[PDB]
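Read through the structure below, which is laid out as structure tokens, and then see the notes.
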Amino acid sequence: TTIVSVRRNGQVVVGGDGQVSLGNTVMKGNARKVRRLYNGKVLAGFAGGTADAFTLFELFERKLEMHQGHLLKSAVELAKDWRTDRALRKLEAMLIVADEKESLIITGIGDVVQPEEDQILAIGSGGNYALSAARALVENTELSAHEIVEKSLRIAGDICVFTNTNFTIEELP
Amino acid sequence: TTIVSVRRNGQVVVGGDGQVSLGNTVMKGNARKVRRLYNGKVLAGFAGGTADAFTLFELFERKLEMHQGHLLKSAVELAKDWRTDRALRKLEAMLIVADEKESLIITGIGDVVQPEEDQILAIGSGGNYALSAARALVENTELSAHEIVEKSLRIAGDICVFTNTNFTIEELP
Amino acid sequence: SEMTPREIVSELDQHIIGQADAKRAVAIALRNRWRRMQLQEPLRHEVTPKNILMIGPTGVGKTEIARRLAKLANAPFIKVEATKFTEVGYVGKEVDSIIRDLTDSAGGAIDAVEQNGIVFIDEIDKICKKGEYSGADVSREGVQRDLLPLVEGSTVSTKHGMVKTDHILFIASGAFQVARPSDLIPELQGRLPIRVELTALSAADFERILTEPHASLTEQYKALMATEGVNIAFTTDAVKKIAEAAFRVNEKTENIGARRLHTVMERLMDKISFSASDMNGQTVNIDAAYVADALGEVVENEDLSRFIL
Amino acid sequence: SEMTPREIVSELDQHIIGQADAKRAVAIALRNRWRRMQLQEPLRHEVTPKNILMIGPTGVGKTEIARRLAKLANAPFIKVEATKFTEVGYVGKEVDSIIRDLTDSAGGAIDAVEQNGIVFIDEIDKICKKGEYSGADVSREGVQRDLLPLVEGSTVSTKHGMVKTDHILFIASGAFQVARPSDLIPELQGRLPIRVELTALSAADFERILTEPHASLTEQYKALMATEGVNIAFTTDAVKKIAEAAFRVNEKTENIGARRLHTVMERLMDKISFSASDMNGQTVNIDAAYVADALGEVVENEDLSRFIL
Amino acid sequence: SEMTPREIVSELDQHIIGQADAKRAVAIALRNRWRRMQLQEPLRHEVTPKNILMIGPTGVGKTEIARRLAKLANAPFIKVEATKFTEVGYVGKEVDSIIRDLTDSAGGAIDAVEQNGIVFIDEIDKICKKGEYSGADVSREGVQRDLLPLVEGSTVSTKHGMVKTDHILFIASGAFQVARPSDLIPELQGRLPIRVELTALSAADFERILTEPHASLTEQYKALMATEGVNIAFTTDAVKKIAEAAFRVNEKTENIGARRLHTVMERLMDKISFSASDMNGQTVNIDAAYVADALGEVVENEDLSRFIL
Ligand SMILES: Nc1ncnc2c1ncn2[C@@H]1O[C@H](COP(=O)(O)OP(=O)(O)O)[C@@H](O)[C@H]1O
Ligand SMILES: Nc1ncnc2c1ncn2[C@@H]1O[C@H](COP(=O)(O)OP(=O)(O)O)[C@@H](O)[C@H]1O
Ligand SMILES: Nc1ncnc2c1ncn2[C@@H]1O[C@H](COP(=O)(O)OP(=O)(O)O)[C@@H](O)[C@H]1O
Ligand SMILES: [Mg+2]
Ligand SMILES: [Mg+2]
Ligand SMILES: [Mg+2]
Ligand SMILES: [Mg+2]
Ligand SMILES: [Mg+2]
Ligand SMILES: [Mg+2]
Ligand SMILES: [Mg+2]
Ligand SMILES: [Mg+2]
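Chains as they are written, first to last, in PDB author numbering: chain G, 1 to 173; chain G', 1 to 173; chain A, 2 to 109, 244 to 444; chain A', 2 to 109, 244 to 444; chain A'', 2 to 109, 244 to 444. A prime marks a further copy of an entry chain.
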């Protein structure tokens, strides 16, 4: 799995592959690993255990709902459930969430992290492959955030055996 | 164990082998790994731990009963019991369920997955062997869904040591 | 002296559609009140009621039948939810309270309660051993144990005096979709001799529930609007669409039985109910078109793939 | 004999801004009290209330509407929090207590309570099955079970006598941000026929709540200060800033709806409220500048990165 | 007719040192009792109290202010600890009991309680969501839910009759060292409009609490010894050392606020309090030296490295 997000020119994109693999064999190549939350105004992409990912996703959605859908605050409250005595079971998955304001990556262990400057996030086995292609594309091109995402995902896919070419790209106008 | 399902021409089939093996020794070769649920209007085939499989099966049946027997909704509610804090123990088994509308595979870890296009599912150690023979048979033949299932199971059986030739094929008129 | 089983069924037929078996079974039970009581001292006390178990889906009539029957027999009546006794902590949360509540609803008439009181124990299939999520199972087995005394015959103290439960008729119910009646405890199982099945309701039945029964929904709305000086009339086609829609959503979403008719009618009589005061003297014709407009189009989505991979 | 649905809405419009759908729905319900009661013996008892479910955010009017309505109909009224019945241990912690409390607030007038009592069950979305942190879920499902008897029609004993709940109107509410109404139990779902949606309040609405309603906050403070011999007046611009500030903090921090107006006014009338006694004979003009000074600048931070890596 | 906000503050200044903001806030609240009540039927009922939240450390005056205020207004008063309602099992352990207790302390005077009763809910910051050691959190959220009815306006039954809580003034408190007021539930948050901060007490303040307030500790001991025929006098220097010592141990060990003064005085008046009967006619001068002797040297150790590696 590969998920990457780029934010430039007042545009936010988050896309990912579609390959679902059981061991060293593929099961499905058309999975949607990026979806819209909170009245379709926040982008979310997940990686890791198929079940753990969905539960991390779902848990986060409940949060957005208990707040005015504020990405940051929500991320922080969800992560707080891991920073207590009640050892809330950990999930072997990761999420990339974004909207018109910020972009974050949240993990099933309980921590939130923000970009760096070029507003680029990437998770999954193929993450760092799309990450490089994107950093490169951003510091040397004028390509749209939507173009960078598709181009980097493809690259990543040609390197990682668990990342295919069936993308699902969501952008927030 | 090998279980495969094909859906074509308004016909749905789900069949499987009969070999039950303890370690590298066979115990029984006439097991029925495919059975009918909800007033015999939904097909279900299981693979994995003998006990875990039956409990996954049973748990699913209770679901169909608490709903109007809707395959999808049922699958989603059962899977939801794994996507919460109460770490509902995981089962080392898998189910293939189908009816006049859809076909799904459900796992003891908590996720539901749908086919791809050719409406073909397969689980178990011998799964991918029957899977190929079936994809092949479907994209190059006019054979019935019932014929494809029997032919692919046989093939799978001649390759996997844990898959025999004592089939149990159920189809939904 | 009293109605016969054939007469009682006809009385019930005026309020209930279908469910012949359940109707028949309670008519026999009510008639036996009259049969004994015609007996002499010895037997009159030895002969006891043959309690009933009605198995059947949601909102298909199980309670209306029990309720109507008590009504036509002017018998002290009471309905309670099996589960309400899961756990206890004070007087009122004990099964014995069923008898006090019944005696209180009849103004203390002890002879009345003992002779022909009726107790409807709803959702008894809930206090069994279903699913693995059985946290406090001893609790459910427990209430079954608590009912035994009542159904087997005992005396409970009420602020009105002592009351025997030896001749009170007991009717229990359930859908038993996961549990079976054989799951109840032997003692209870043997005290619920008669098991009647009630079936789901089809659209054809829906259509009849809409108009045939005394004080049907169509008759109620006709009289309600007549109050505001409006004259309404449902066409055969209109009734048929209201029933299809009701049966339709019970099937695609949550099935609540004949209650769905109430939900749909309300969604249909929405407009007229508001403007009735401004339409005096007029007459409204609710036909096919009026219904297709009022009942918009297909409830609301069918989403669910949001959780699927 | 009684107001019409159009009249009732106008009566509510004097105290509530927006929420046309909810207003309309309760007017229809109140008018039906009058419609039946004009009926004859048979139907008059068979026709029952069509209870309501108001879905909507915090402090946007769901209770004011219910409360005002009962007021204009002089109907025994009562509000309770669904969750208050989570767990029980004594008499007063049982749902039945809702009816005793209602009867007690009307001085025992049994005919009054039965004929037109109103019960507002707040936050019913809380007793569903939301989130994974569901410790005692059987408990929440349980209170739903406990309400059924009441909403379906039964009798409860009060120190004033027996009271039927067959015709009491029930209004439930919720934001249902995580749960859906379809999550309630079938029996309850079918007894809450009508579902009305209430929307969030914008700044434009805030501005109107400030002055239009009878006894608005601006009218209250004018009368309060007049008591101390001070004459105050809010300019259009002033009102507009008070509403922007209120809508502003509900949006950046915790959203409490129209209650925020109270918080802001207090923060604004802080000074005058203290010095009013020393300013007799004077007149104060609360304009834009006065408001921008009083309401300082941006609530307080927005920190949160303290937990981020 | 009644005191003004400036007058009330002066009345409080005779018993409390510092805490101008809190004093000011409660004076405004008490004056509003008088402001409405000068209003006419419509508004007089619509205008409600603006409840208070006093945030501040231990023993710095939060209760004395509330207590003194009720005293100067001869208002039925009551203090309760938020946590006391964590879990319930019987009548008296329910929030409603706050109103019965209040009515009982005024001899049933219902008009009195409704018009100007005051309820001080101490340590409300304890029923929030603080620390991870949150075992029964639903419990704490629960009492917040239980207070809502009271603060929002309702009726509770007492053996003296029914009593409305619509106009009772509510004052809550907390140190909120870990929790914030924003942690309370929206409904409660909006009903505690006013938030006043109370500060810690310095040695300079300690010195003033010792003598300035009516019936200060120095005035009490002077009168107590005068009873035994002894005449005592504290020098300015003596007072200053007593205050330094008090502020000193609150700082190095456990900080209990102005209560520490009581602990220190007792440790100081130890000897004279015992021999007073044998010293009649004499006069004792408590000066710097007398205090340095009586108050020995540095509380007791500071050990703690016993657990360190
Ligand atoms: N067979 C039927 N004929 C007429 N009305 C019915 C029938 N079944 C259900 N209803 C109506 O539907 C509503 C639900 O009745 P209920 O007796 O509680 O069904 P159940 O006992 O299965 O829960 C009632 O108001 C009743 O009038
Ligand atoms: N639409 C509205 N119009 C006028 N006042 C409103 C409105 N909505 C809320 N309020 C005010 O805000 C406060 C909160 O009312 P509330 O009925 O409890 O909202 P809700 O029922 O959603 O919790 C009340 O004092 C009420 O006067
Ligand atoms: N600012 C103050 N001025 C005079 N006395 C005070 C002051 N603060 C606290 N005290 C005294 O200290 C004791 C503790 O009072 P308390 O009101 O319970 O503080 P808090 O409300 O913060 O817990 C009381 O006997 C009171 O007389
Ligand atoms: Mg690849
Ligand atoms: Mg083999
Ligand atoms: Mg039922
Ligand atoms: Mg049911
Ligand atoms: Mg509310
Ligand atoms: Mg709320
Ligand atoms: Mg204190
Ligand atoms: Mg303390």
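Cβ atoms here follow ideal geometry from the backbone N, Cα and C, with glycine treated the same way.
Residue 107(A') to residue 8(A') span [Cα, whole Å] = Residue mapping note: residue 107(A') aligns to position 106 of the fourth sequence, counting from 1. Residue mapping note: residue 8(A') aligns to position 7 of the fourth sequence, counting from 1. Residue 107(A') and residue 8(A'): Cα-Cα distance of roughly 26 Å.
query = Since residue 336(A) contacts residue 377(A) with CB under 8 Å, what's their CB separation in whole angstroms?
reply = Translated into the one-based positions of the third sequence, residue 336(A) becomes position 201. Translated into the one-based positions of the third sequence, residue 377(A) becomes position 242. So it is not a contact: roughly 14 Å between Cβ atoms.
request  = Name, in chain order, the residues that DSSP records as bridge partners for residue 53(A'').
outcome  = Position 52 of the fifth sequence, counted from the start, is the residue given in the question as residue 53(A''). DSSP output for residue 53(A'') lists 306(A''), 329(A'') as bridge partner(s).
message = Between the alpha carbons of residue 18(A') and residue 311(A'), how many angstroms are there, rounded?
response = Position 17 of the fourth sequence, counted from the start, is the residue given in the question as residue 18(A'). Position 176 of the fourth sequence, counted from the start, is the residue given in the question as residue 311(A'). Their Cα atoms are separated by approximately 22 Å.
message = Checking the sheet assignment: what are the DSSP bridge partners for residue 8(G)?
response = One-based indexing of the first sequence puts residue 8(G) at position 8. Residue 8(G) pairs with 11(G).
ask   = Which of helix, strand or coil does DSSP assign to residue 95(G')?
value = In the second sequence, the residue the question calls residue 95(G') occupies position 95. Correct three-state label for residue 95(G'): strand.
inquiry  = 9 Å is my cut-off, CB to CB: does residue 267(A'') come that close to chain G?
reply    = As a first step, residue 267(A'') is located in the fifth sequence; it is residue number 132 there, counting from the start. Output row for residue 267(A''): interface = yes.
task = Report back the beta-carbon spacing between residue 3(G') and residue 45(G') to the nearest angstrom; my notes put them in contact at under 8 Å.
result = As a position in the second sequence, residue 3(G') is number 3, starting the count at 1. As a position in the second sequence, residue 45(G') is number 45, starting the count at 1. The distance from the Cβ of residue 3(G') to that of residue 45(G') is about 4 Å, consistent with a contact at the 8 Å cut-off.
query = Helix, strand or coil for residue 46(G') per DSSP?
reply = Looking up residue 46(G') in the second sequence gives position 46. In this structure, residue 46(G') counts as strand in the three-state DSSP scheme.
Minimum C-alpha distance to residue 388(A'') - residue among 307(A''), 394(A''), 71(A''), 437(A'') = Here residue 388(A'') is taken as the residue at index 253 of the fifth sequence, counted from 1. Checked all of 307(A''), 394(A''), 71(A''), 437(A''); the closest Cα to residue 388(A'') is 437(A'').
request  = Decide yes or no for the touch test of the segment 47–59 of chain G against the segment 101–113 of chain G: beta carbon pairs closer than 8 Å, at least 3 of them.
outcome  = yes
request  = Just confirm the distance between the C-beta atoms of residue 60(A'') and residue 393(A''), as a whole number of angstroms; I'd bet it's less than 8 Å.
outcome  = The residue you call residue 60(A'') lines up with position 59 of the fifth sequence. The residue you call residue 393(A'') lines up with position 258 of the fifth sequence. Indeed they touch by this definition, with Cβ atoms about 5 Å apart.
task = Please report the residue range of the beta strand (DSSP E) in which residue 28(G) lies.
result = For the purposes of this step, residue 28(G) is taken as the residue at position 28 of the first sequence. Start and end: 25–28.
request  = Within its chain, find whatever has a CB closer than 7 Å to the CB of residue 57(G); leave out the 5 residues flanking it on each side and keep chain order.
outcome  = As a working mapping, residue 57(G) is identified with position 57 in the first sequence. Its chain contains 44, 46, 95 as the residues whose beta carbon lies nearer than 7 Å to that of residue 57(G), once the 5 sequence neighbours on both sides are disregarded; these appear in chain order.
task = Give the DSSP-derived three-state secondary structure of residue 297(A'') in the structure shown.
result = Residue 297(A'') sits at position 162 when you count from the first residue of the fifth sequence. Strand.
ask   = Closest by CA to residue 89(A), which one among 22(A), 274(A), 47(A), 247(A)?
value = Mapped onto the third sequence, residue 89(A) falls at position 88. Checking every option, the nearest Cα to that of residue 89(A) belongs to 274(A).
message = Against chain G', with Cβ distances strictly below 9 Å, would residue 20(G) count as a contact?
response = Numbered from 1 along the first sequence, position 20 holds the residue referred to as residue 20(G). At least one chain G' Cβ lies under 9 Å of residue 20(G).
inquiry  = Is the beta carbon of residue 293(A') closer than 9 Å to that of residue 105(A')?
reply    = Position 104 of the fourth sequence, counting from 1, holds the residue named residue 105(A'). Position 158 of the fourth sequence, counting from 1, holds the residue named residue 293(A'). Less than 9 Å separates the beta-carbon of residue 105(A') from that of residue 293(A').
CA nearest to the CA of residue 391(A), picked from 127(G'), 60(G'), 67(G') = Residue 391(A) sits at position 256 when you count from the first residue of the third sequence. If we check each option's Cα against that of residue 391(A), 67(G') comes out closest.
query = Taking the C-alpha atoms as reference points, what is the distance between residue 52(A') and residue 313(A)?
reply = Residue numbering aside, residue 52(A') sits at position 51 when the fourth sequence is read from its first letter. Residue numbering aside, residue 313(A) sits at position 178 when the third sequence is read from its first letter. About 32 Å.
ask   = According to a CB-to-CB cut-off of less than 9 Å, which residues of the segment 83–99 of chain G neighbour chain A''?
value = 83, 84, 85, 86
message = Within a Cβ cutoff of 7 Å, which residues of the same chain sit near residue 137(G), ignoring the five residues on either side of it in sequence?
response = Counted from its first residue, the first sequence places residue 137(G) at position 137. Closer than 7 Å at the Cβ level, and outside the excluded window around residue 137(G), lie 143, 148, 151, 152.
request  = Report yes if the C-beta of residue 60(A') is less than 8 Å from at least one heavy atom of ligand 8; otherwise report no.
outcome  = Stepping through the fourth sequence from its first residue, residue 60(A') is reached at position 59. Residue 60(A'): yes, Cβ under 8 Å from ligand 8.
query = Residues with a Cβ closer than 6 Å to any heavy atom of ligand 4, in chain order?
reply = 157(G), 160(G), 161(G), 163(G), 164(G)
request  = Count the other CB atoms, across all protein chains shown, that sit within 10 Å of the CB of residue 297(A''); report buried if there are 16 or more and exposed otherwise.
outcome  = Within the fifth sequence, numbered from 1, the residue matching residue 297(A'') stands at position 162. Exposed.
task = May I have the straight-line CA-CA distance separating residue 83(G) from residue 267(A), to the nearest angstrom?
result = If you number the first sequence from 1, residue 83(G) lands on position 83. If you number the third sequence from 1, residue 267(A) lands on position 132. C-alpha separation (whole angstroms): 31 Å.
task = Tell me whether the beta-carbon of residue 50(A'') lies closer than 9 Å to the beta-carbon of residue 408(A').
result = Here residue 50(A'') refers to the residue found at position 49 when the fifth sequence is read from its first residue. Here residue 408(A') refers to the residue found at position 273 when the fourth sequence is read from its first residue. Contact flag unset, no.
query = Since residue 44(A') and residue 350(A) are thought to touch, with beta carbons under 8 Å apart, how far apart are those beta carbons, to the nearest angstrom?
reply = Stepping through the fourth sequence from its first residue, residue 44(A') is reached at position 43. Stepping through the third sequence from its first residue, residue 350(A) is reached at position 215. 5 Å between Cβ atoms; contact.
inquiry  = Would you say the beta carbon of residue 310(A) is closer than 8 Å to some non-hydrogen atom of ligand 7?
reply    = Along the third sequence, read from residue 1 onward, the residue named residue 310(A) stands at position 175. Residue 310(A): yes, Cβ under 8 Å from ligand 7.
query = For the beta strand (DSSP E) that residue 368(A'') lies in, which residues bound it at each end?
reply = Counting from 1 along the fifth sequence, the entry for residue 368(A'') is found at position 233. Residues 366–369.
message = I want to verify the contact list: residues of chain A whose CB lies under 8 Å from the CB of residue 53(G'), in sequence order.
response = To locate residue 53(G'), count along the second sequence from 1; it is residue 53. Ordered by position in chain A, no residue passes the 8 Å Cβ test against residue 53(G'), which lies about 16 Å from the chain.
ask   = Along chain G, which residues have their Cβ under 7 Å away from the Cβ of residue 439(A)?
value = If you number the third sequence from 1, residue 439(A) lands on position 304. Correct list: empty, because the minimum Cβ distance to chain G is about 13 Å.
request  = Show which residues of chain G' have a CB atom less than 7 Å away from the CB atom of residue 61(A).
outcome  = Taking the third sequence and counting its residues from 1, one reaches residue 61(A) at position 60. By Cβ distance, chain G' contributes nothing, its closest Cβ being about 14 Å from residue 61(A), past 7 Å.
query = Would DSSP call residue 44(A'') helix, strand or coil?
reply = Here residue 44(A'') refers to the residue found at position 43 of the fifth sequence. Correct three-state label for residue 44(A''): helix.
ask   = Which term fits residue 260(A''), buried or exposed, when burial requires 16 or more other beta carbons within 10 angstroms of its beta carbon?
value = Locating residue 260(A'') in the fifth sequence gives position 125, where the first residue counts as 1. With 16 or more other Cβ atoms within 10 Å, it is buried.
6 Å Cβ shell around residue 356(A'') - same chain, five flanking residues per side excluded = Mapped onto the fifth sequence, residue 356(A'') falls at position 221. The residues are 404.
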